[PDB]
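# Residue-level structural notes
These are the residues of each chain, in order.
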Protein chains: 4
Amino acid sequence: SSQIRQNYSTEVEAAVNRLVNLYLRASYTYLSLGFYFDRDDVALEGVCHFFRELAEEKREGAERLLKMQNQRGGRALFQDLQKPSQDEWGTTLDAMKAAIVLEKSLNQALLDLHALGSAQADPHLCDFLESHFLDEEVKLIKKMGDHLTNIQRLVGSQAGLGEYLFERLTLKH
Amino acid sequence: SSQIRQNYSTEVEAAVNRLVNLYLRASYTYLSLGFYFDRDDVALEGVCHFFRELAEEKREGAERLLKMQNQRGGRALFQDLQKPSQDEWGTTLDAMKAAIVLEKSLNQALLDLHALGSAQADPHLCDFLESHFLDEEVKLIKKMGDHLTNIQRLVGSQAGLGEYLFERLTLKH
Amino acid sequence: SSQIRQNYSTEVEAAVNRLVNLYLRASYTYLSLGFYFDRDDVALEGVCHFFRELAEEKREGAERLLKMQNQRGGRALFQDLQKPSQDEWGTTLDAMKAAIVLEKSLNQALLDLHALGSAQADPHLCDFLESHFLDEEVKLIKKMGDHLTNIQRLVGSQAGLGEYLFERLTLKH
Amino acid sequence: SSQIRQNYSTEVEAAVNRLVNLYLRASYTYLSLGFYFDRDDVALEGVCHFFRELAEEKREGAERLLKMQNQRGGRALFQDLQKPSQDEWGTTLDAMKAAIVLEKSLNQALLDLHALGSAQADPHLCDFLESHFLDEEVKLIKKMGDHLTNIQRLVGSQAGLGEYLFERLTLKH
Ligand SMILES: [Cl-]
Ligand SMILES: [Cl-]
Ligand SMILES: [Cl-]
Ligand SMILES: [Cl-]
Ligand SMILES: [Cl-]
Ligand SMILES: [Cl-]
Ligand SMILES: [Cl-]
Ligand SMILES: [Cl-]
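Per the deposited record, determination of this structure is attributed to X-ray crystallography, with the resolution reported as 1.43 Å.

This is how it looks when you write it as structure tokens:
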């Protein structure tokens, strides 16, 4: 009903609101992951910083989707944000596995939205996802896969020592 | 089977390896074109530099495809590189015609890979080709068409003199 | 038959073309080694960078040989480039052993060409190899031997941990 | 008989004095070539500058040989300098052909001196020629071959016009 709305389906408008909820939920999961690694009995600063930076990136993604929703004449609708799936995240290896599962779920939601845009002949939506989300997700998932391989190679050798070395020598602090 | 691989078909993975082979073969053809124009009995420096710069551009294209293959969780496979189609490349006109035929063949391979990505609903692949290859190829083919027109206009007038003037006044040296 | 050719045997001209093929084959082997270490299930960035830099160095060596071939009035001839000897390169230790075998084979080809130049009384060729290839090869082989010793000392202690430490603390990233 | 002379044969000492005479004769030939192109009825400034720069390079070569003669404890002996082979040098094409014949004669004299040094087991002499003469000569002869090819391609088309264009667009002025 908006004065500007053109070629923007109700199906895509609703799917964009659901994707905003998924990105904010992911940002909240990363806030929990980051503060868990800042616990005095965990104390892996580089791991905390890696996840806190991802919490910011996911919030930025949600904000970009909200700006686009308004640019197209859709109406942002917010839903409750489910708490993260765990209260304690285990080792750096467990946390990095949970993060890659979370990113693959966001990536699948982006791919599903792109397919909906293609089905609705909405090229601005496809361009938007391609330009600001799809490549960023593939690059992040590759970086996480690289980190998992390095953590596994390290903790297979000597668990405690390996986790410390990965946080000191790979992660930023 | 990769931990990161998502929505990346075996058909696209294989086609990406074939495209890497085509770009490296093109880079090798440009190395041969460039050194032919550096022969003492050919001696057209600007022509040598034009083709050596294209050899670098094609190698860079292959490297970008290899980085993408790893980012998606595909596995790079290298095949023998066929030698260039000629040992001697004739005049600047003959060489520029061979170059435009080579570029149109690379462009067709990019278009075929884009169509495969569309058929496999792989938008990251389509975005990747659109962002880093399709426009660069159209711009290069246009530049080569412009060069062919200028060389033809020159060598139709006076062959030897025309080739020297094109190398001196159009090509970088 | 060239207007400039002087004291440049057909035996040396052909051996220079074969050496160009060997350097380009080595450059291709290093491209494969580098991208293997960039796989998400290998993920040793410093190792990838070490081999990608060597791919560039070998391509530069081939280009220097081609420039010399033209300076002497010889004619560059290109042959098919055989693919690298492996598709997967194992651990950093296995890869560094394959690299030193490859470099010793290039070094032997340089020594054989120098002996041919001496037999053909071609001092410009001997000076060219001495000035731009022989010392560079001895320095590279020594660096690779040093790396092999460090990797062995590390992976004999704890394989996974040792490989990570070598990539982090010796190789550039 | 010198206090410093060591491993320096009388054969090499005499051949070095003859090579100094050849380089000074070449410098004198280039002085004549340069001033011929400065005649008001020839008037090709870029050609004059190319040959005057070569007259300087050949004089510098003779000075380097004289310094080496004294460093080894040999005794410089100077002989009459024969005048250049022509008083008038024809076209730029004729002059560039005479220059390449002159350079190939200097190159052959360098190669003969290197072979004498090898026969007399005089590695300082071989290194001296390799470091300061052999590569410079090969590079100059290649440049002259490139110039001959360009002049021929130009004057085959239209003699007067081609010579002007080569002097304006290839040679420095
Ligand atoms: Cl609708
Ligand atoms: Cl919940
Ligand atoms: Cl598949
Ligand atoms: Cl072939
Ligand atoms: Cl021969
Ligand atoms: Cl093979
Ligand atoms: Cl003696
Ligand atoms: Cl005389």
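On we go from here.
### Quick notes on the overall build of chain A
Assigned secondary structure in chain A consists of 5 helices and 0 strands. Taken from the N to the C terminus, the helices and strands of chain A come in the order α-α-α-α-α. By principal-axis analysis of the C-alpha atoms, chain A measures approximately 60 × 25 × 25 Å. By sequence separation, contacts in chain A at least 24 residues apart represent 80% of the contacts at least 6 residues apart.

### Here's the deal with the environment of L93 of chain D
Residues and elements named next belong to chain D. Mapped onto the secondary structure, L93 falls in helix 3 (residues 92–119). For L93, a relative accessible area of 11% puts it in the buried group. Every residue in contact with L93, bar those within four places of it in the chain, is listed here: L148, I151, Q152 and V155.

### Observations concerning the interface of chain B and chain A
Residue-level contacts link 13 residues of chain B with 17 residues of chain A. Surface buried jointly by chain B and chain A totals about 1300 Å² across both partners, of which 55% is contributed by carbon and sulfur atoms. Three residues stand out in chain B for area buried against chain A, namely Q3, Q6 and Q71 of chain B, and they jointly supply 43% of the buried area on that side. At the junction of chain B and chain A, the tally comes to 0 salt bridges.

### Focus: the relation of the copies chain B and chain A
When chain B is fitted onto chain A, the two copies agree to an RMSD of 0.0 Å after a turn of 120° and an axial shift of 0.0 Å. The two molecules are tied by a three-fold rotation axis, judged by turn and shift. Closest approach to the rotation axis within chain B is made by the C-alpha atom of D127 of chain B, at a distance of 4.9 Å. Each copy contacts the other with its own distinct surface, as only 8% of the interface residues of chain B are interface residues in chain A too.

### Describing the UniProt feature "binding site: Fe cation" in chain A
Residues and elements named next belong to chain A. This chain's UniProt record puts "binding site: Fe cation" on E53, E56, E57, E60 and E63. In this fold, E53 is placed in helix 2 (residues 45–72). Tracing the backbone through its elements, the reader meets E63 in helix 2. Since its relative accessible area comes to 44%, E63 is described here as partly exposed.

### Thoughts on the arrangement of the chains
Where 5 pairs of chains are in contact, the pair with the most contacts is made of chains B and C. Here chain A and chain D are not in contact; the least distance found between their C-alpha atoms is 47 Å.

### Things to note about the pattern of salt bridges
Where charged atoms of side chains with opposite charge meet at close range, the side chains can pair. Applying the stated criterion to the full structure yields 44 salt bridges over all chains. For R72 of chain D, the salt bridge goes to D122 of chain D, with nearest N and O atoms at 2.8 Å. Here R72 of chain D is found in helix 2 (residues 45–72), whereas its partner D122 of chain D is found in the loop between helix 3 and helix 4 (123–157), with 50 residues between them in sequence. Summarising the burial analysis for this pair, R72 of chain D and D122 of chain D share the class buried. Of the charged contacts, one joins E167 of chain D and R168 of chain D as a salt bridge, the two residues approaching to 2.8 Å between their closest N and O atoms. Through salt bridges with shared partners, a single ionic network connects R39, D40, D41 and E88 of chain B together with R75 of chain C.

### Notes on the interface of chain C and chain B
The partner chain B presents 30 residues to the 30 residues of chain C that form the contact. Roughly 2600 Å² is buried in total at the junction of chain C and chain B, and carbon and sulfur atoms are behind 53% of that figure. The tally of links from chain C across to chain B stands at 6 salt bridges. A salt bridge links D40 of chain B to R75 of chain C, with the nearest nitrogen and oxygen atoms 3.0 Å apart.

### Points about the environment of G74 of chain C
Residue and element names in this part refer to chain C. Examined against the element boundaries, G74 turns out to sit in the loop between helix 2 (45–72) and helix 3 (92–119). Look at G74 and you get buried, because its relative accessible area is 0%. Taking the C-alpha atoms as reference points, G74 and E13, separated by 61 residues in sequence, lie 5.7 Å from one another. Look past the residues within four positions of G74 in its chain and what remains in contact with it is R5, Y8, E13 and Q69.

### Considerations on the relation of the copies chain C and chain B
When chain C is fitted onto chain B, the two copies agree to an RMSD of 0.0 Å after a turn of 180° and an axial shift of 0.0 Å. Expressed as a symmetry operation, the mapping of one chain copy onto the other fits a two-fold axis. The position closest to the rotation axis in chain C is occupied by the C-alpha of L81 of chain C, lying 2.5 Å away. In this assembly the copies share their binding face: 100% of the residues contributing to the interface of chain C also contribute to that of chain B.

The rules behind the values
- Residues numbered from 1 in each chain as written, not as in the entry; some residues may be left out.
- Chains lettered and ligands numbered in written order.
- Part of a larger assembly, values for the part shown.
- Heavy atoms only, no water.
- Residues with missing side-chain atoms left out of burial classes, pairs and counts.
- Helix = DSSP H or I, 4+ residues; strand = E, 2+ residues; numbered from the N terminus.
- Contact = heavy atoms within 4.5 Å.
- Buried < 20%, exposed > 50% of the residue type's maximum accessible area, 1.4 Å probe, protein only.
- Buried area = accessible area lost by both parts, 1.4 Å probe.
- Salt bridge = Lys/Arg side-chain N within 4 Å of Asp/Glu carboxyl O.
- Least-squares fit on C-alpha atoms.
- UniProt positions renumbered as here; feature names shortened; annotations may be inferred.

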